[PDB]
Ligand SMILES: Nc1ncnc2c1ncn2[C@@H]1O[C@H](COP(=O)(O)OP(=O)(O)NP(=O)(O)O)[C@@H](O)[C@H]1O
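Encoded as structure tokens, the following chain is the form deposited without the named molecule, with no partner shown.
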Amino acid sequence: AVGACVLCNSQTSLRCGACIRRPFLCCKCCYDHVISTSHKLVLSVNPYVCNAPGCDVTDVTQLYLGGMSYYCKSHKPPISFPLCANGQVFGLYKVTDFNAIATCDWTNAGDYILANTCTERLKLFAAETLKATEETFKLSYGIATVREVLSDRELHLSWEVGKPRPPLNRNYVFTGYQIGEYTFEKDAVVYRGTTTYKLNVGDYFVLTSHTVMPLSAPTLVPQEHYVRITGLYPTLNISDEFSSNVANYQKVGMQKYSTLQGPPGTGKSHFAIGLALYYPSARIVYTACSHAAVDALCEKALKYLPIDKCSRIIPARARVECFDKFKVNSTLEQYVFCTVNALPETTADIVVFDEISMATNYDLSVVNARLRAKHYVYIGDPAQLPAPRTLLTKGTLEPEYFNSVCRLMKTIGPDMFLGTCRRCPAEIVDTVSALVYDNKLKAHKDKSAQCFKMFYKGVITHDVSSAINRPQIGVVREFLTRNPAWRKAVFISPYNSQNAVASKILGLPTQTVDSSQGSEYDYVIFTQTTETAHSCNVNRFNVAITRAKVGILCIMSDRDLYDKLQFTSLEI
């Protein structure tokens, strides 16, 4: 119970007992909090509650100090001061934005906008409160048990009736019972158990409500501009291969932190691994939110960096399969590849945080608390997909509000920008350059002449809320008979249910737009499925079409995005 205020750091014994995170509030700030919100419980050494037997008065405005104890107006002695008077709540060592974070339910977009526009301490308070809320909301869902086993990939479950049923897709990871993490995709549902055990009739699962740990470090450390490279030792031999990034690697050694906007296939991984070849003595920790992003950095380092100084830090409880080729869990190796949630207590010359659009302010803070570094490099693209905000249902979260790093890239601009897309045919590069990069993304490849668009709204059917468009899958089928070279294509769509129908009918490997991020394929077949805000989202549209290296077929529902696609229009 000893500490400083979240709004001005003025020392106090006062905490708000109504806040889900019980923040320390000073005498003036605690008052301006209780008088403006429904939050009336004030904690300190002892809570502010009437001491008189059986008295349930807990509002600090209806309370007074009688001698050494606290009492309401019905119990107070003649010599008693009200706890609320003269803009202060009585406490030791004797704003609008804080109120809104402390009381919001996180279902509105404006709640996240504010969690990013506020001061740095209010950013941590909001990040902590939001994560606590998201975890307490996980309990609100019911417990599901095994009813029977059809085969090695199909089953049926008993639900606790009453308490809501959480959504069935590859976005909700259950913790079976201690039979490893599990995922679900739709009466015969499919079980994607991260561990191979015969799911006995009687075992049950639950959404892992991993507890929220208070935030110490800021989302972004204070910026420092240096006039010479600091604590890093460059080379004058750096291979031609990484010479396009030499002026940027120098900017990296001349700032405490630096931002890199890298559109799809502009060489983000190349930049990250090449930074190690530019400062060859530097100890570098490569971090990202997902195991897939960490693994993609593992793959690029396997080609250019010495395997003996590499290590893939894997969490004790192995969820799904990750990197196998590096010396596992060696914390003192020069190059360490580990996810934000598995980051051990250590220091580094440079920390590279890749896929920055997927990072939350909580993630930004964790990295700053578990890693003390000379240089921090954030690589990503605010034009790509952000972390799914489960509680958010009203309003769309704009890129300047994804996190503090995205916020900078969208207002002041990124420190560095990779302007040449080497992956996509010019039809795709030109489309997304106009759509999300203000015509600053350039095509390295020529037009492949294999980028097609078909405007076909079809028939939207719903598998609960996840959507299906069978006429769009049927249009893909007719196209595949006439274009057998498209037999190697990946079927992408914004919905899992669409992907499941297309997996059975077309037989193509499947992918949601969100899971396609970071990956590339020669041929991509995208069916838009619906014209919802989800399927029409420009960051999602951008990721979807920028997966193709050679050609893409887009079956569109929205006329806007269809007309924007600089592709050859097909017929039927």
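From 1 onward, residues are counted along the sequence shown. By rigid core we mean the largest C-alpha set that fits within 1.5 Å across both forms.
Although it is not shown, the form solved in complex with the named molecule is what the next lines describe.
Participant: Just give me the single entry in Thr287, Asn361, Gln384, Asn469 that has a non-hydrogen atom within 4.5 angstroms of the named molecule in the deposited complex.
Facilitator: Going through each option in turn, the one that passes is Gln384.
Participant: Let me know the one among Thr195, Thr117, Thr235, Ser244 whose heavy atoms come within 4.5 Å of the named molecule in the deposited complex, would you?
Facilitator: It is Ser244 that has a heavy atom within 4.5 Å of the partner.
Participant: Indicate whether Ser269 is a 4.5 Å heavy atom neighbour of the named molecule in the deposited complex.
Facilitator: Flag for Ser269 set to yes.
Participant: Would you check, heavy atoms only and a 4.5 Å threshold, whether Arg422 touches the named molecule in the deposited complex?
Facilitator: Because a heavy atom of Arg422 falls inside 4.5 Å of the named molecule in the deposited complex, the answer is yes.
Participant: Report whether the minimum heavy atom distance between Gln62 and the named molecule in the deposited complex is within 4.5 Å.
Facilitator: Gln62 lies outside the contact set for the named molecule.
Participant: Check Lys309 for me: does it contact the named molecule in the deposited complex (non-hydrogen atoms, 4.5 angstroms)?
Facilitator: Residue-level check for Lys309: no, no contact with the named molecule.
Participant: Based on heavy atom distances of 4.5 Å or less, which listed stretch (104 to 112, 319 to 327, 258 to 266, 195 to 203) is in contact with the named molecule in the deposited complex?
Facilitator: Selected stretch: 258 to 266.
Participant: If I align on the rigid core, exactly one of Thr196, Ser281, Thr393, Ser140 should have its C-alpha move by 2 Å or more between the shown form and the other one; which residue is that?
Facilitator: Everything else stays below 2 Å; the exception is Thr196.
Participant: Does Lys251 move its CA by 2 angstroms or more between the shown form and the other one when the core is aligned?
Facilitator: No.
Participant: Relative to the superposed rigid core, does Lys374 relocate between the shown form and the other one - that is, does its Cα move 2 Å or more?
Facilitator: No, because once the rigid core is superposed, the C-alpha of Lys374 moves less than 2 Å between the shown form and the other one.
Participant: Does the distance between the two CA positions of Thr420 reach 2 Å or more between the shown form and the other one, the core being superposed?
Facilitator: No, the C-alpha moves less than 2 Å.
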